[PDB]
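A.B. asks: build the 3D model from these lines:
(13 chains, ligands or ions: 41)
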Amino acid sequence: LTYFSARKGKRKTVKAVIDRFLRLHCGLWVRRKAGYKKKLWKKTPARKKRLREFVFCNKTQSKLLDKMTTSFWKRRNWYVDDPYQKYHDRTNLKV
Amino acid sequence: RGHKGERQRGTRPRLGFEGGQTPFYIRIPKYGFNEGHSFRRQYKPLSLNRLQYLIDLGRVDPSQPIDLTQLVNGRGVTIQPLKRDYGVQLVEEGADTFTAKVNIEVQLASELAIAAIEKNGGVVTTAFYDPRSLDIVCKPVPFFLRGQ
Amino acid sequence: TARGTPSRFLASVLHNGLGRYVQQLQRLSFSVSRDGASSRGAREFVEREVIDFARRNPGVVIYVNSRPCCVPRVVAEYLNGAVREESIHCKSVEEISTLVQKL
Amino acid sequence: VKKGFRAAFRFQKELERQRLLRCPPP
Amino acid sequence: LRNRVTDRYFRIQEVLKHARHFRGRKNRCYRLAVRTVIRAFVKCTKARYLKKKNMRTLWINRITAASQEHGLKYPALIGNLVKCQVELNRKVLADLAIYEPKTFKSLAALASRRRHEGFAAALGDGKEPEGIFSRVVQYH
Amino acid sequence: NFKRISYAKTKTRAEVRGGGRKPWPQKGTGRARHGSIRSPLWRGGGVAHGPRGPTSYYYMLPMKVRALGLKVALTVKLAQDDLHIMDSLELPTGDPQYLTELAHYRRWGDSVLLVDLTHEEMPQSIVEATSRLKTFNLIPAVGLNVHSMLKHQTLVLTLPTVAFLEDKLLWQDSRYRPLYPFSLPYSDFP
Amino acid sequence: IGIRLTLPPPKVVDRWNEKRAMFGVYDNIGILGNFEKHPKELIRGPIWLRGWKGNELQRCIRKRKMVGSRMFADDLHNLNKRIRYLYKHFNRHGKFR
Amino acid sequence: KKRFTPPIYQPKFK
Amino acid sequence: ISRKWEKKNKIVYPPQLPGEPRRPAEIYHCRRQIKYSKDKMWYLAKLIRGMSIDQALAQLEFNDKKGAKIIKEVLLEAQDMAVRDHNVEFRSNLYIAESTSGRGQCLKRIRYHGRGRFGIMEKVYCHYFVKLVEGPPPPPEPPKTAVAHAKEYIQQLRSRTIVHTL
RNA sequence: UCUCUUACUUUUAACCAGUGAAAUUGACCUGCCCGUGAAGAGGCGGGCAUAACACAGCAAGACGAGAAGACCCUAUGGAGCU
RNA sequence: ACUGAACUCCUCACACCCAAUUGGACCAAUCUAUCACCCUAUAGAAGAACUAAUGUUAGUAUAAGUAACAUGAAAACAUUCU
RNA sequence: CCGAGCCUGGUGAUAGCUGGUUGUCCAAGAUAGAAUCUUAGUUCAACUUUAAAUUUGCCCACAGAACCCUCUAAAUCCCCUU
RNA sequence: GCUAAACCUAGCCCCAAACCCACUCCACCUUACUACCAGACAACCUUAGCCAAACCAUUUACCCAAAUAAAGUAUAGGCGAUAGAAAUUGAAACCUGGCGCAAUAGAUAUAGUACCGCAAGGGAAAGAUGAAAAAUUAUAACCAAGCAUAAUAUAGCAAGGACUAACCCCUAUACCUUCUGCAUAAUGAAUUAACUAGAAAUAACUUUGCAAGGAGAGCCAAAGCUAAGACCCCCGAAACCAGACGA
Ligand SMILES: [Mg+2]
Ligand SMILES: [Mg+2]
Ligand SMILES: [Mg+2]
Ligand SMILES: [Mg+2]
Ligand SMILES: [Mg+2]
Ligand SMILES: [Mg+2]
Ligand SMILES: [Mg+2]
Ligand SMILES: [Mg+2]
Ligand SMILES: [Mg+2]
Ligand SMILES: [Mg+2]
Ligand SMILES: [Mg+2]
Ligand SMILES: [Mg+2]
Ligand SMILES: [Mg+2]
Ligand SMILES: [Mg+2]
Ligand SMILES: [Mg+2]
Ligand SMILES: [Mg+2]
Ligand SMILES: [Mg+2]
Ligand SMILES: [Mg+2]
Ligand SMILES: [Mg+2]
Ligand SMILES: [Mg+2]
Ligand SMILES: [Mg+2]
Ligand SMILES: [Mg+2]
Ligand SMILES: [Mg+2]
Ligand SMILES: [Mg+2]
Ligand SMILES: [Mg+2]
Ligand SMILES: [Mg+2]
Ligand SMILES: [Mg+2]
Ligand SMILES: [Mg+2]
Ligand SMILES: [Mg+2]
Ligand SMILES: [Mg+2]
Ligand SMILES: [Mg+2]
Ligand SMILES: [Mg+2]
Ligand SMILES: [Mg+2]
Ligand SMILES: [Mg+2]
Ligand SMILES: [Mg+2]
Ligand SMILES: [Mg+2]
Ligand SMILES: [Mg+2]
Ligand SMILES: [Mg+2]
Ligand SMILES: [Mg+2]
Ligand SMILES: [Mg+2]
Ligand SMILES: [Mg+2]
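C.D. replies: Residues are numbered from 1 along each chain as shown, chains lettered A, B, ... in the order given. Ligands and ions are numbered 1, 2, ... in the order given. Sure, structure below:
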């Protein structure tokens, strides 16, 4: 994934990962369900509700997306009116 | 290196390839999560617990006004003019047990934080700074060495 | 391998157990370095245990040569004339004491 | 030349071993 | 060539000094001496069990020869010696058969009498004496 | 290690002269397959994994670790009865034989590091004494380091030098974060 | 036969030289010289790797950037070849992907 | 095809 | 290159005591770089090996080989050196004790075989060694008779022991 | 040409002298029969045979030697042609 | 009734018999810093270890003294003869 | 040595394909499959390896796990003790 | 004991500093190394391609303005492999060195010579005594493969158990690789000496240091921050393109 760039010698990111996903600072990546805007006339309302949710992903996919992004995208953001602000830190975990 | 193949001979497909199958980072549709992130303003948080702590520990002093530069010279907050921090926001996290009687000038301030400062007999004023003025007022000494 | 090495028959040297038993070792030639990290164990041995070993069995003669050398050695010559030389390069006090007792 | 000292010294001691073994002294 | 090897000759000698007594080019060329020294050390490791087995079969052969000279068979001799609680193994029995023939004839006579008392016991089911060279000593 | 720059360089198979064409084509003759002379198998070829270019070994510790190293080295030099403190370096005569016989009398050792401060107020006698000796060294107080203190057996400080050392090493304790480097004014800091 | 017959001439080294006695003096200057110079400014070497560690590819990239406008033609061609090959090696071949 | 390889001489100095 | 056979004439023994044997003379000689193979030379050096010097000269004057004349010249100059310098008084009183041949330095040529191919012809060279000892030639060791074989077999039957016990 | 081959001369060939290659070569102290085994054994099992060494022939075997099969298949390997 | 294992017991000590892969403890040669001074020690570094790639170079073997290679005769070494 | 010459350079072209991959010792260590211009490859699952946190893991008894035409077996799942 | 072994020093490599050279007389663009005669003709032009996308058809960093940072950010891209800024910040003048090699190493080099090819072009190997060779002396011997000193003795992967003795007695299907499986009659190896193959990130583990702050500006942070250690091979194609050389 261009482990070493040809101008600065740094590591590059895949821009499709940035265009598809959102990384919470705890370590979780939020994605959209596949096909949530395709062929809606044949899907039942339960399936249409199930398609519209912001959904989490697996552990190995999260490690893949951490390897595909640099350290800039794993930082702490302090946006002014962030809707996902309450889900950045995590609470009441136990191993 | 294992037995012969792409493992032993080194040449393996790039990270994320799934053997010709459409990969996991491609089957998911796009959405504007990180759409305009390079132009959204960010504000570093500052609790009243932290402000009372700084006033207690001989750091930034209530006898003088409290702009950004007094907080930075106290190192109570570290502001980065790059990566789009438009100053420090005030926030209500240490409202109870806050007795300071100070005036302050911050860049954002919630209602309860303004209230909790004003009940001890102080002043809250909300100000704006541009990123060039952020870079000046955070570290004034390299700007004075700049000669502009 | 046994075919590639010589062999002897089991025998006593001069019929020890019939009459009186005699200590079959004559000399112990210690060469210890004055300075040198290779002979620290032999240094501590010569400080603390060689006098008690010499009083333990008076039949053996012990020489401590105290010579500048990179590899300290102990030379043991027996009664019938054989000479067995083993090295005490970088060993502890316990291993050196066990070696000289086995010699 | 192969630079170094320990191998040449070890071979010199082995040469003295074989040379004393070929012609033993009185 | 930074730090290339200097004492390569001593590893060659460390392999070759166990191969001086070979035959052919195996005693000179290193590339063949390695394989033949490895196979020699492997056979030297494996031959311990074959040594113990061959020594025991030699002991059994010598005991069988001496007992056949005394008019007895070998299983009768071993069984009727172990039935009189005399726990001699094959080594000292072979050494007595070679170097001490009088006491080996005594042992063969003991085994023959224990065999005869066993035959009388099997014919009589006891009743009375259960033999005399029977009545094993009981420990507790 | 950090000042080391190794100037070793060896030629790979791309920089050795020649070696372009393929000798003895692939399928016809009965020798081994080869695509180029000056391959790393061949005599005269290039290396496969040789050293590459002038290499740097520069890395920086946190400065608290180096200041703690100086404090630890001074403590080790004091605890082992090798540290000696002078009030003012001054020699009466100025020949090195006097200094060597003095160090032989006081049971210092073969090697001793004579440390003064500011490099300009070092008197003429000690300079003319140590400028010919190989084991007696003068350094200014800014030139202190752990390696010269470990190599030399005993260590000679001066009372302004030990006050300078106390102040410069105690400044590391009870200090802020940098927030920009200390060469800038920093109102308390001179 | 590889081994040398006669032992080599014994190498004498003067540990109390000019250099080895004064090794490391004026290192650690910025801590106790009130920060006028950095210890990376004592390093005397190439102009492009002066206080910079880098990889193997990163050193050649920095060498083409800071110096390659005044190199020789053969060395510039060799440097372009080496950087092309090291890109193709580090980013495509290898383990751990 | 007519598969054939030419012979290769060695250098004359050897 | 190593020349050690020529230095063997410069050994000097200490002077003998009267109650001692004679210690007969030893004369070493060699001729280097002979244009001849080493095996065909070895056959003549094996022909000579034990015989007396006059019988050796007789067998070499009528042997039809290129090495025969060379060894006859070497033996003649060795006999002359033995009579003059090395204090041997009777000319016929010499026998060959050691005689052998070693490979000398060679050169290399091409063969130009019958295509664009070739071989490596080697221009072979060899040495010759000889050692003369004064005195009569020692008699050949006779073939061992039946009583010697019976004595060896009876001795081997005497020397066996009781194996693998005590 | 053959039924059906024979004699003679030269070259070749055998012995003596000289110069003096090449393919090949894991090590070999290198036998037969039956059976076994990666399915066709000089190296394994059971029997048989067996003092050592050249010189000159033969080609039954060493799945004999020179060519990383040219017949068949595979490769997200090439190239010619329409 | 007996023979019959690395199974078990017996005296001693016990980490010391799996492909790919993984974890751990040591270690020769070299340079450097400090020691040492008949060849060693503590640390750093690496062009840091070959029974094998029809691997490269150089030496020498086997094939092998084998294939192959030549000079017309006499003589006075003036000439003659085929 | 022409189905498209030769020499140089991109070139250390590329190859899922063949061959190779050098010191000692010890320990753990055998695979239900799915997708793929993919079955000579790769990714994810399962196993194997290391270091931590926690407490239950295996073996299992009473009870329990639709049917319908005609049999319907060796068993299996869950599972307190031990 | 023959062939033989061993040498240190010619030199070379990477940096710093500094801008570097070219007619003694004669000949040299015609068939260059030729003293001497009439058509004068003349240069200014996007590189392409291998390769990656596991194919390939747009696409794939090489471009010649010192660092670090911004930042692998905004952006571009069968929006995919990948490509990739800018505003702004600042960049302490002088010291002749090597944890670089030592004749299969280091430039190919004693040399672009011999040699090969018409031509472009390719392109090697090597020497070792010594204070005195105006000292030829006697020493300096000791070590690889190959031979000689010194051929063979019934039977068997060349060995082990041993034994009084080597053979004779019992056991034992060479090595690596690829394989479910090789002694296999599958691949590779005549031997000796030298050379010849694991280069690195994000994220984790351990050890220091500091602590709500860490760090020698930039960056990170709801116990974190800095530093160090540890970890990712060699040889091999048919092919493509560009420029020269040849009837
Ligand atoms: Mg392989
Ligand atoms: Mg496979
Ligand atoms: Mg690929
Ligand atoms: Mg048993
Ligand atoms: Mg090239
Ligand atoms: Mg090629
Ligand atoms: Mg060369
Ligand atoms: Mg080279
Ligand atoms: Mg058969
Ligand atoms: Mg065979
Ligand atoms: Mg064949
Ligand atoms: Mg093939
Ligand atoms: Mg396919
Ligand atoms: Mg294709
Ligand atoms: Mg193609
Ligand atoms: Mg074409
Ligand atoms: Mg057991
Ligand atoms: Mg290398
Ligand atoms: Mg290596
Ligand atoms: Mg080798
Ligand atoms: Mg071949
Ligand atoms: Mg090889
Ligand atoms: Mg002949
Ligand atoms: Mg023949
Ligand atoms: Mg012929
Ligand atoms: Mg390749
Ligand atoms: Mg495939
Ligand atoms: Mg294969
Ligand atoms: Mg195990
Ligand atoms: Mg598809
Ligand atoms: Mg492609
Ligand atoms: Mg050279
Ligand atoms: Mg030899
Ligand atoms: Mg046998
Ligand atoms: Mg088998
Ligand atoms: Mg191997
Ligand atoms: Mg198969
Ligand atoms: Mg085979
Ligand atoms: Mg095959
Ligand atoms: Mg072969
Ligand atoms: Mg014509």
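A.B. asks: please enumerate the helices of chain E.
C.D. replies: Here chain E has its helices, by DSSP state H, at E:9-16, E:30-69, E:74-82, E:90-99, E:101-124.
A.B. asks: closest one to chain D among those helices?
C.D. replies: helix E:9-16 (6.7 Å; Cβ to the nearest Cβ). C-beta here means a position set from N, CA and C on the backbone, and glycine is covered the same way.
A.B. asks: where does residue I:31 land in three-state SS?
C.D. replies: For residue I:31, the assignment made with DSSP: H, G, I helix; E, B strand; the rest coil gives strand.
A.B. asks: hang on, it packs against residue I:104?
C.D. replies: No - between residue I:31 and residue I:104 there is no contact under Cβ atoms under 8 Å: 10.4 Å.
A.B. asks: okay, and the common contacts of the two?
C.D. replies: residue I:127 (Cβ atoms under 8 Å, 6 or more residues apart in numbering or on different chains).
A.B. asks: between the helices of chain E, which one is nearest to chain A?
C.D. replies: helix E:9-16 (40.9 Å).
A.B. asks: the chain: strands as residue ranges?
C.D. replies: Let's take chain A. A:22-23, A:29-32, A:54-56 (DSSP state E).
A.B. asks: my bad, the chain I had in mind was chain F
C.D. replies: Counting by DSSP E, residue ranges of the strands within chain F are F:5-6, F:55-56, F:83-86, F:112-115, F:136-139, F:154-158.
A.B. asks: distance to residue A:15 added to those strands, as JSON lines?
C.D. replies: Shown next, in JSON lines, are those (distance: least, Cβ to Cβ, whole Å):
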{"stretch": "strand F:5-6", "distance to residue A:15": "39"}
{"stretch": "strand F:55-56", "distance to residue A:15": "33"}
{"stretch": "strand F:83-86", "distance to residue A:15": "62"}
{"stretch": "strand F:112-115", "distance to residue A:15": "59"}
{"stretch": "strand F:136-139", "distance to residue A:15": "56"}
{"stretch": "strand F:154-158", "distance to residue A:15": "60"}
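A.B. asks: out of these, which is closest to residue A:73?
C.D. replies: Each of the strands of chain F has some distance to residue A:73 by Cβ to Cβ; the shortest is strand F:55-56, at 30.5 Å.
A.B. asks: distance between that closest one and the chain's centre?
C.D. replies: 16 Å (Cα atoms, centre = their mean, to the nearest Å).
A.B. asks: does the stretch of helix or strand residue I:43 belongs to reach RNA strand J?
C.D. replies: Here residue I:43, judged by DSSP states H and E, is contained in helix I:38-48. Yes - applying Cβ under 7 Å from any atom of the strand, one finds helix I:38-48 touching RNA strand J at residue I:40.
A.B. asks: touching RNA strand M at all, that helix?
C.D. replies: Yes - Helix I:38-48 is in contact with RNA strand M by Cβ under 7 Å from any atom of the strand, via I:38, I:42, I:46.
A.B. asks: which one of the strands of chain A lies closest to residue C:34?
C.D. replies: strand A:22-23 (67.2 Å).
A.B. asks: so what touches the closest one?
C.D. replies: A:29, A:30, A:31, A:65, A:69, A:73, A:74, A:84, B:33, B:34.
A.B. asks: same question for stretch I:120-128.
C.D. replies: I:30-38, I:41, I:45, I:67, I:70-71, I:74, I:99, I:101-111.
A.B. asks: rewinding a little: can I get the helices of chain E in CSV with distance to residue C:77?
C.D. replies: Converted to CSV, those look like this (distance: least, Cβ to Cβ, whole Å):
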stretch, distance to residue C:77
helix E:9-16, 28
helix E:30-69, 32
helix E:74-82, 51
helix E:90-99, 38
helix E:101-124, 46
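A.B. asks: list the contacts for the spatially most central residue of chain I?
C.D. replies: Geometric centre of chain I, nearest residue: residue I:99, 1.3 Å, by Cα atoms, centre = their mean. Residue I:99 is in contact with I:45, I:48, I:49, I:128, I:129, I:130, I:131, counting by Cβ under 8 Å, 6+ apart.
A.B. asks: now the phi/psi pair for the last one, please.
C.D. replies: In this entry, residue I:131 is assigned phi and psi values of phi -140, psi 120 (degrees, to the nearest 10).
A.B. asks: chain neighbours aside, what residue packs nearest to it?
C.D. replies: Among residues not flanking residue I:131 along the chain, residue I:98 sits closest, at 3.9 Å (Cβ to Cβ, 6 or more residues apart in numbering or on different chains).
A.B. asks: quick one: the helices in the chain?
C.D. replies: Going with chain A. According to DSSP H, chain A carries its helices in the segments A:15-20, A:45-51, A:59-67.
A.B. asks: try chain I instead
C.D. replies: Using DSSP H, helices in chain I cover I:38-48, I:53-61, I:66-84, I:146-158.
A.B. asks: still on that earlier bit, could you dump the helices of chain E to TSV with distance to chain G?
C.D. replies: Formatted as TSV, the helices of chain E follow (distance: least, Cβ to the nearest Cβ, whole Å):
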stretch	distance to chain G
helix E:9-16	5
helix E:30-69	13
helix E:74-82	62
helix E:90-99	52
helix E:101-124	63
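A.B. asks: need those in CSV (columns: distance to chain I and mean neighbour count).
C.D. replies: Below are these laid out as CSV (distance: least, Cβ to the nearest Cβ, whole Å; neighbours: other Cβ atoms under 10 Å in any protein chain shown):
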stretch, distance to chain I, mean neighbour count
helix E:9-16, 21, 13
helix E:30-69, 6, 14
helix E:74-82, 18, 17
helix E:90-99, 5, 18
helix E:101-124, 13, 15
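A.B. asks: nearest to residue G:48 among these would be which one?
C.D. replies: helix E:9-16 (44.2 Å).
A.B. asks: now do the closest one: which elements does it pack against?
C.D. replies: helix D:6-22, helix E:30-69 (3 or more Cβ pairs under 8 Å, 6 or more residues apart in numbering or on different chains; DSSP states H and E).
A.B. asks: distance to chain A for those - can I get that in JSON lines?
C.D. replies: Output for these, formatted as JSON lines (distance: least, Cβ to the nearest Cβ, whole Å):
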{"stretch": "helix D:6-22", "distance to chain A": "42"}
{"stretch": "helix E:30-69", "distance to chain A": "43"}
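A.B. asks: and the ones you listed: which comes nearest chain H?
C.D. replies: helix E:30-69 (26.9 Å).
A.B. asks: chain C: helices as residue ranges?
C.D. replies: With DSSP H as the criterion, chain C has helices spanning C:40-48, C:50-56, C:93-102.
A.B. asks: right, I mislabeled it, should have said chain B
C.D. replies: In chain B, the helices defined using DSSP H lie at B:48-56, B:68-74, B:111-118, B:131-138, B:140-146.
A.B. asks: which one of those lies nearest to chain F?
C.D. replies: helix B:140-146 (5.4 Å).
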